[PDB]
Amino acid sequence: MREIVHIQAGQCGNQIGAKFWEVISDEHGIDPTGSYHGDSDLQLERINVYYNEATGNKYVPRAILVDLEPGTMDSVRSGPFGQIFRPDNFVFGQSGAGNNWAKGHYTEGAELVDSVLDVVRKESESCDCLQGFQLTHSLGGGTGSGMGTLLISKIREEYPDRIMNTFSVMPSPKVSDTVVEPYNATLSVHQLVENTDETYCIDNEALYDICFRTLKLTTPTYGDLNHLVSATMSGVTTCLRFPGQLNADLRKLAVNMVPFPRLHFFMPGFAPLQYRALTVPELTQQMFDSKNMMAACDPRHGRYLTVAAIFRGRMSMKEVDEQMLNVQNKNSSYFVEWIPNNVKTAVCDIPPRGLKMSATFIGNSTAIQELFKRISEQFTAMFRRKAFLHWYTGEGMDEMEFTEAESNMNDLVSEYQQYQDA
Amino acid sequence: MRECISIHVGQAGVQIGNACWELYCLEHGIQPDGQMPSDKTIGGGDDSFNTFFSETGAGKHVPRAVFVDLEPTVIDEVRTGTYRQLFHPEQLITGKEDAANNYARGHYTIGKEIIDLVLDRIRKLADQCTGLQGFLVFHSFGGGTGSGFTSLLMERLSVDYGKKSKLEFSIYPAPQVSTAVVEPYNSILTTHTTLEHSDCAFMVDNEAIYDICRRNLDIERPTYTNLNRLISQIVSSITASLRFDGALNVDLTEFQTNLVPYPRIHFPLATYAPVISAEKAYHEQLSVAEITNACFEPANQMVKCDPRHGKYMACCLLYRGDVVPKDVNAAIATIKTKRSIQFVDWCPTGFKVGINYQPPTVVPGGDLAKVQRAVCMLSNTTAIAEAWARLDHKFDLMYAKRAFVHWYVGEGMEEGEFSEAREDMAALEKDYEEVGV
Amino acid sequence: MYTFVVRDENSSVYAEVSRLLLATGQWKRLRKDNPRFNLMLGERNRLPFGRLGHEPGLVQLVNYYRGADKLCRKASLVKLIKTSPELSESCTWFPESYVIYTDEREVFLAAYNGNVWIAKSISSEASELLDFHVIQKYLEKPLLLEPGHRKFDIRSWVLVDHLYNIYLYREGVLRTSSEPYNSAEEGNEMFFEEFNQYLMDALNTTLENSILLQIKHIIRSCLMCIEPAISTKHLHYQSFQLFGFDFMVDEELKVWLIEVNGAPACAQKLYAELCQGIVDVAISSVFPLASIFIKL
Amino acid sequence: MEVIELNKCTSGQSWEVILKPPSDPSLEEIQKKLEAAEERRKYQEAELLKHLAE
Ligand SMILES: Nc1nc2c(ncn2[C@@H]2O[C@H](COP(=O)(O)OP(=O)(O)OP(=O)(O)O)[C@@H](O)[C@H]2O)c(=O)[nH]1
Ligand SMILES: Nc1nc2c(ncn2[C@@H]2O[C@H](COP(=O)(O)OP(=O)(O)O)[C@@H](O)[C@H]2O)c(=O)[nH]1
Ligand SMILES: Cc1cc2nc(/C=C/c3cccnc3)sc2cc1C
Ligand SMILES: [Ca+2]
Ligand SMILES: [Ca+2]
Ligand SMILES: [Mg+2]
Ligand SMILES: [Mg+2]
């Protein structure tokens, strides 16, 4: 029945994951205790996609919470919708990962990974027809980055024929915890290139700029940043969670969006970012605007391979179709000519909370290379002096593995530039 | 009497299947529970409608149809729909997960696991046939199931039923009502494998049905329900000869005989008139001449093309309603002196005309108004090759960069089947050009 | 902001048209293979008409009429005239022509029995032509300008829009001969104003009366004939096309049709005026922004 | 303009009007195709598991 298994790893992965569940539980009418109290059967028609039906007509998220320290997951359990999560699905260590990819991937995380897989297996076994997996994590830390990609590697071994997608938060010096973030990110990107079908690249620099420049927040917190991520994740999963014209699972959606296996790193977008409702032209304009992009990449610096757009709310579908056909025919130079009709649009009647109507952007642009270039610059800047490497070699890693990760991402960059000049 | 078994593959095939069988029941006066007060031969008899309907001892009239899809969400609507008592559970076949718009998935990966089951259920209907004509296959070009599993089925049907004819009702992919991008691949792939297995295929471009619904029915954003109810009308016009008393196209063989002189060129263009809005209060009823003249207007064709810049190999006129032969011929003589209708030198410049006195039936509450007379033209024009041209061009654009190809190779298909299929289409366009210009 | 593509670089006329569209600041030129276009300045050979009118939300227009080659080919023009009841053998304004590789070899030699012909795709002997396409009756007695005693031909540019309105450009041109005609002005181009003054002084008549009436008649006759075959009135795309009609005039002031060009060139000083007119009635009529023609 | 083969019936009638006279793979081979594809999947999957094992 097209069930999705959700996994969240690390500090960022769990805090963002929790907000996601907090938002969609509200949309489906599920209270923190797991009881349904909505007002429409449309909220329950595809409730099985992310929720398991309990004994007493309760709905428990198909989510698995992973960390190497209990700090963040204790905060989740003490949160608003904390009691909604299945207790056994809380898998945690005590040591922590210390913002170290090696600790998450090779030492500390390796000691815990089988425990997570047992929970994954337990959730998967009770699925009528498993649709795929979904991971929320950061790439700049240790747990979500190192253990997260290790989990993905394991899942692909046990479930080679299942879709593996991630919502990955990209590190940025503007919003940074440690200096080793480019090290952890480069190591993780190599894993994602090979072992995921779709990765939504969420840039913290972009999130910061949106909160500061647009949302007019002088001192943006992680909470403010996760508000944008939560709203985007809701929009991306809207067509999967609600009835509509679109009858597609993760695989079919992946087929129409990914023309080349390695090039599957998407730029998320959202509109609006107020009492005055937006018009369809305004939604479409903002949706394609760089200021609504969350990968911190300028789409004009590249070309769109494929584009997906999801509209929510009661609106003129003719006007939507006209406006989408307006942007494409006014900026046809930014869409590849060797992929006919690469821009697809879906509408959903049920709007998110607080907005009468909204729009979510999913772009497979070659401009995403700017993100990897940026990470690669920061990486090389330290690695040429072998700086901070002792943290990693102390966990058993060799310099060669760093050189290889560096080379694979430069290859990824070169691959993107290959189709930008096509 | 000789029976005809319909097979509906994929979402497009199943939903259009629903539209047609609904329309068939309304035409033959069959109630949703299966009963038919008109039929006096209880539990048997070999009337014209028995070609499509079987009869039980209880008096139920059951469609000789099989519904197959690789995911249940669409067919489940038939299991709990208005005509749920009409079908037997064995006639409705569903799988776990679909082909995800991947031809290779529907043909090789998933199709292999369910092909024997489908054939066995078809065999169940075939055993209740005293003299089976053949099969009518409904499917889309763009879908993984509609393209992939259909071609596999068509291959096996030629093996298990070699003496039986096979007709196609195919949905040509249109971007305005599709969210898929790899449809040009699936279209070309399934045409290449099905070509030597289909005797006659009626292509229906969603782009054409879309605009007809917009222009003539005043519908802003036509839905699948809108498209299918219109498609069902055209299909009904084509299969009416098989379901009613007559002398034109009485069996599936005559479709090939009267429309397909060259085997590979078995894609007749269909034109229909009139399409009138049900929300239109005052409407001047069109004449025989007016609806006949409309058959040569491109805006009424199931595929948008220009027959003026091609050649005809065959042409049939199927009238339904208040139509007399005198007015028909009076219109035909007039049309030739105003229209550019060129035939090939090795074919007679003529028309096979058929009249069904029973007026067109429309679904109560639908968007289509009731008309006193309607006509469907089936013409084999080389102009329909324009659709192949468009399709193959999109193929060339993507395949030059090998875009999306890895999805197909990952399902066990070799890259060589792409170029092998494309070369077949290159030859197909060449055939049309030789016959045409 | 409309979009257009250019798929014919050798086009002398539409090179100026595309330039004028850009000068309006409301037209953007796209790549030649970009399918999302409004206007198409297509190529001469094998224009993909079949891929037009299939872009949702885009009204598409093309600078060529599909099937107009029946009028712009030598062998096709002859066939069209003899076979069409609205033209027939009694054509008067068209020279007795024959198609030879249908073919009309036996018919041509029958009418062979002033007997000078010309083959193209000039001799008094029939054997010299067949040993060497269509054979046309060469006008042995053409009108000659004085002083000079020289032969000439008249070129008229005709624009037909999407509504199949027939517009005749006021400014024509005469491709005159420099050498005297032997039956044994700047750059040889005379415009209408001078040619009109000549007719008034020499033959006591006007260009409108003696010649232009017959010209307008022929143009309208040819186009209204092939109209139901090429019209895009109810098509999924629209077509317009500039035509080049070539005429001849004899000593009796009778106008004869020579050929029709589908991709004609224009006179030097008439490019600025004609191309501007093309934008107004054939392009901006379909794609509005923010007369030099005679409607037939 | 000749009318020929006029057949009349209670349900309707049909005829022909002329305006101008004129001037498979076996079951075995299919199984070989399907199994060849299934084997190519198993090979590509084996190379995946081999890669993961390393
Ligand atoms: N006319 C019409 N076309 C449809 C309908 N449903 C889908 N289509 C068209 O069919 C094409 C392919 O979609 P599907 O037929 O649903 O694909 P499928 O056969 O189910 O194969 P899968 O990919 O496995 O789901 C699309 O281009 C749609 O436009 C329908 O109900 N009516
Ligand atoms: N958007 C967002 N980013 C975060 C959050 N917490 C940490 N990060 C980012 O993630 C990186 C740190 O990784 P973290 O998840 O804290 O380490 P982990 O627990 O080992 O996975 C840094 O680049 C932070 O900018 C959060 O709540 N929201
Ligand atoms: C064309 C198209 C593609 C598409 N892909 C989507 C992805 C959803 C998802 C949700 C969770 C995890 N991974 C993926 S929504 C969507 C909507 C359209 C129109
Ligand atoms: Ca330990
Ligand atoms: Ca009976
Ligand atoms: Mg942290
Ligand atoms: Mg399907």
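Scroll up a little and you will see the structure.
Residues numbered from 1 in each chain as written, not as in the entry; some residues may be left out. Chains lettered and ligands numbered in written order. Part of a larger assembly, values for the part shown. Heavy atoms only, no water.

Q: Account for the overall build of chain B, naming residues and giving values.
A: Helix and strand counts for chain B stand at 14 helices and 12 strands. Here chain B has a C-alpha radius of gyration of 21 Å; the compact-globule value for 437 residues is 22 Å, and the two agree. Principal-axis analysis of the C-alpha atoms gives chain B an extent of 60 × 55 × 45 Å. With 437 residues in all, chain B has 65% of them scored as buried. With an accessible surface of roughly 14,500 Å², chain B has 49% of that area assigned to carbon and sulfur atoms. Charged side chains of chain B number 40 positive and 56 negative; the gap between the two group centres comes to 3 Å. (Helix = DSSP H or I, 4+ residues; strand = E, 2+ residues; numbered from the N terminus. Rg over C-alpha atoms; globule rule 2.2 N^0.38 Å. Buried < 20%, exposed > 50% of the residue type's maximum accessible area, 1.4 Å probe, protein only. Areas by Shrake-Rupley, 256 points an atom, 1.4 Å probe, with all protein chains shown as cover. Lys, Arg positive; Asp, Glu negative; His and termini not counted. Charge placed at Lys NZ, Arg CZ, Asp CG, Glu CD.)

Q: Can you break down the coordination of the calcium ion (ligand 4) residue by residue, with the values?
A: Only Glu 111 of chain A (OE) and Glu 111 of chain A (OE) from the protein reach the calcium ion (ligand 4) as donors, at distances of 2.4 to 3.1 Å. Structurally, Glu 111 of chain A is set in the loop between helix 3 (101-105) and helix 4 (113-125). (Donors = N, O, S within 2.8 Å, 3.2 Å for Na, K, Ca; no water.)

Q: Could you give me a rundown of the site of ligand 1, with the residues and numbers involved?
A: In the neighbourhood of ligand 1, 24 residues make up the surrounding shell, with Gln 15, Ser 140, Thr 145, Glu 183 and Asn 228 of chain B lying closest. Flanking ligand 1 are residues from chains A and B. Between an oxygen atom of ligand 1 and a main-chain N or O atom of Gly 146 of chain B, the distance comes to 2.9 Å. Between ligand 1 and the protein, one listed contact pairs a nitrogen atom with a side-chain N or O atom of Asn 228 of chain B at 2.6 Å. Taken by itself ligand 1 offers 640 Å² of open surface, and the protein chains cover 96% of this. Among the elements of the structure, helix 1 (10-27), helix 5 (144-160) and helix 8 (224-243) of chain B are those that each provide at least two residues to the shell around ligand 1. Element by element, the count of residues in the shell around ligand 1 is highest for helix 1 of chain B, at five residues. (Near = heavy atom within 4 Å. Polar contact = N/O pair within 3.5 Å; in protein donor to acceptor, adjacent residues only side chain to side chain.)

Q: Any chance you could break down a nonpolar patch on the surface for me, citing the residues and the numbers?
A: Nonpolar side chains collect at one region of the surface, where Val 179, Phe 388 and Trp 391 of chain A lie side by side and expose about 310 Å² of accessible area between them. Residue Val 179 of chain A is classed as partly exposed on the basis of its relative accessible area of 46%. (Patch = residues over 30% accessible without salt bridge, like charges linked within 9 Å, V, L, I, M, F, W, Y side chains within 5 Å. Salt bridge = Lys/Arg side-chain N within 4 Å of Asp/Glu carboxyl O.)

Q: An account of the state of the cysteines is requested, with residue identities and associated values reported.
A: Counted according to the given criterion, the structure contains zero disulfides over all chains. The thiol sulfur of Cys 127 of chain A is not disulfide-bonded, and the nearest other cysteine sulfur, from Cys 129 of chain A, lies at 9.0 Å. With no disulfide partner, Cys 91 of chain C has as its closest neighbouring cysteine sulfur the one in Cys 222 of chain C, 7.3 Å distant. The exposure class of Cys 91 of chain C is buried, given its relative accessible area of 5%. (Disulfide = S-S within 2.5 Å.)

Q: Outline the pairing of strand 14 (residues 255-261) of chain C, supporting the account with residue identities and numerical values.
A: Residue and element names in this part refer to chain C. The buried fraction of strand 14 amounts to six of the seven residues, a majority that puts the element mostly inside the structure. Pairing between strand 13 (residues 241-249) and strand 14: six bridges, direction antiparallel. If you follow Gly 244 over to strand 14, its bridge partner there is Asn 261. In this structure, the hairpin formed by strand 13 and strand 14 is closed by a connection of five residues, where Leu 253 is found at a positive phi of approximately 55°. (Pairing = 2+ DSSP bridges.)

Q: So what's going on with the sheet that holds strand 2 (residues 27-29) of chain C? Residues and values would help.
A: What holds strands together in a sheet is hydrogen bonding between their backbones, with the strands either parallel or antiparallel. Residue and element names in this part refer to chain C. The strand order across the open sheet built from five strands is 2-1-3-4-12, with neighbouring strands paired in parallel fashion. A single partner strand is all that each edge strand has here, and the edge strands are strand 2 and strand 12 (238-239). Summarising the sheet, strand 4 (residues 61-62) and strand 12 pair through two bridges and their orientation is parallel. Residue pairing for strand 12: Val 62 is matched across the bridge by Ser 239. Across the face of the sheet, helix 1 (residues 14-23) comes into contact with strand 1 (2-6), strand 2 and strand 3 (39-41) while running at roughly 155° to strand 1. (Contact = heavy atoms within 4.5 Å. Axes fitted to C-alpha atoms, helices over the stretch in contact; angles between N-to-C directions.)

Q: Residue-level account of the interface of chain B and chain D, with values.
A: Between chain B and chain D, the contact holds 41 residues from the first and 31 residues from the second. For the pair chain B and chain D, the summed buried surface comes to about 3,100 Å²; carbon and sulfur atoms form 59% of the total. One can count three salt bridges joining chain B with chain D. A salt bridge links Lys 352 of chain B to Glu 16 of chain D; its shortest N-O distance comes to 3.5 Å. Remark: the boundary between chain B and chain D carries 15 residue pairs in polar contact. (Buried area = accessible area lost by both parts, 1.4 Å probe.)

Q: How would you summarise the pattern of salt bridges if you had to cite specific residues and measurements?
A: If you walk through the whole model with that rule in mind, you get 66 salt bridges over all chains. A salt bridge links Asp 306 of chain B to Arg 308 of chain B; the nearest nitrogen and oxygen atoms lie 2.6 Å apart. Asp 306 of chain B gets classed as buried once you look at its relative accessible area, which sits at 2%. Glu 104 of chain C serves as the salt-bridge partner of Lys 82 of chain C, at 2.9 Å between the closest nitrogen and oxygen. Using a relative accessible area of 23% as the deciding quantity, one classes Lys 82 of chain C as partly exposed. Connected through salt bridges with shared partners, the residues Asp 161, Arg 162 and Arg 251 of chain A together with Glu 97, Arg 105 and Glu 411 of chain B form a single ionic network.

Q: Could you give an account of the interface of chain B and chain C, with specific residues and numbers?
A: In this complex, chain B contributes 15 residues to the contact, which on the side of chain C involves 15 residues. Taking both sides of the interface into account, the surface hidden between chain B and chain C amounts to around 1,400 Å²; carbon and sulfur atoms contribute 49%. If you look at where chain B meets chain C, you find two salt bridges. Across the salt bridge formed by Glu 386 of chain B and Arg 66 of chain C, the nearest N and O atoms sit 2.8 Å from each other. Linking chain B to chain C there are seven residue pairs in polar contact. If you tally residues by element for the side of chain B that touches chain C, the top one is helix 12 (residues 385-399) of chain B, at three residues. Residues belonging to the side of chain B that touches chain C are distributed by class as follows: two nonpolar, four polar and nine charged. (Nonpolar A, V, L, I, M, F, W, Y, C, P; charged D, E, K, R; others polar.)

Q: Describe the packing of aromatic side chains, with residues and values.
A: A complete count under the given rule lists 61 aromatic pairs over all chains for this structure. When the ring of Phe 395 of chain B is compared with that of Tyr 399 of chain B, the centres are 5.5 Å apart and the planes differ by 25°; the resulting orientation is stacked. Residue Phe 395 of chain B and its partner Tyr 399 of chain B are located together in helix 12, separated by four residues, close to a single helical turn. With respect to class, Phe 395 of chain B is no different from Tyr 399 of chain B; both count as buried. Summarising the aromatic geometry, the rings of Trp 93 of chain C and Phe 94 of chain C are spaced 6.5 Å apart at their centres and angled 80° between planes, so their arrangement reads as edge-to-face. (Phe/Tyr/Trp six-rings, centres within 6.5 Å; stacked < 30°, edge-to-face > 60°.)

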